[PDB]
């Protein structure tokens, strides 16, 4: 019923995104050391049904980042535009030489090749410990949002064409996760205990919510419909994951439905929702990939030990055919779903 396949990409992977139905973008590396381990962007064609590794995972192109660059920490892609969070060498950073840590690439869909376009230093930081925590770009590729680990927490909303900052949002607490609505006109973000919704056009508040259970730690957020977000939280005391749907309208929010979908794990490291808005995928702390059917908020399948440790990102192809996950254990896990699985 499910076809699965695994591949060792050759370096610890920290980001993954599907460029189309069939093509996976992966980013990561061994970091800045003179260690014989590359820092790379890798583009692969995947087909988990085939018999050999070369057929299941075909590498279309690779971009070698600097051997003395940090490993990439975050990526996203939309319509051939690729945005990558990646510190330069710590020495260059520390000695005030500049940190072009937000980089723009182009994937040529016909050439399959990767091109470095331009990069920019947004944080103006001289602390090598600061990294780009979140990188997201809207479906149409017209707006993006990035988030530093640095203090105080700031969300920058930028133009992906030339990497200019549209506006700077000083968030109140630490930004946990982040998502754009499908039209790209709204970005929603979460801290550990609040939801904030902002227009990407004006920078104005649209809606806000802070009355979550005090035992909840908000973890991830994805849009599932035009005016509806899905928030994943973990139990502070106890073990479990709550998925909640919150509707956003006219300055107010309302909880459509809330439900704990499992008690098997303590927390999750990644979440994605398919474009159809029907399926959610979770990557757990204990290294599982879980499939959640959004109509019922029910967990319908768990792939135990899909990586050996640290699952960094999970991504669903636009046709809802493949579920891809990558980890710091150097592995890529591919799941093929039966057609209309969630239905």
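Positions refer to the first chain, counted from 1.
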Open item on the list: Using only C-alpha atoms and the B-factors in the entry, which stretch averages higher, 67-75 or 172-180?
Closed with: 172-180
TODO: Could you settle it for me: does 288-296 or 49-57 have the higher average Cα B factor in the PDB entry?
DONE: 49-57
Task: Candidate set 265, 136, 107, 189 [ranked by C-alpha B-factor, highest] - done: 265
Task: Most elevated Cα B-factor in the entry, residues 270, 127, 161, 258 - done: 258
Open item on the list: Please place residue 18 in the lowest, middle or highest third of its chain according to the CA B-factor in the PDB entry.
Closed with: middle
Task: Ranked against its chain, the third holding the CA B-factor of residue 313 - done: lowest
TODO: Taking the chain's C-alpha temperature factors as the reference, tell me which third residue 28 falls into: lowest, middle or highest.
DONE: lowest
Task: Relative C-alpha B-factor of residue 86, binned into the chain's lowest, middle or highest third - done: lowest
Open item on the list: Lowest, middle or highest third: which one holds residue 152 when the chain's residues are ordered by CA B-factor from the entry?
Closed with: highest
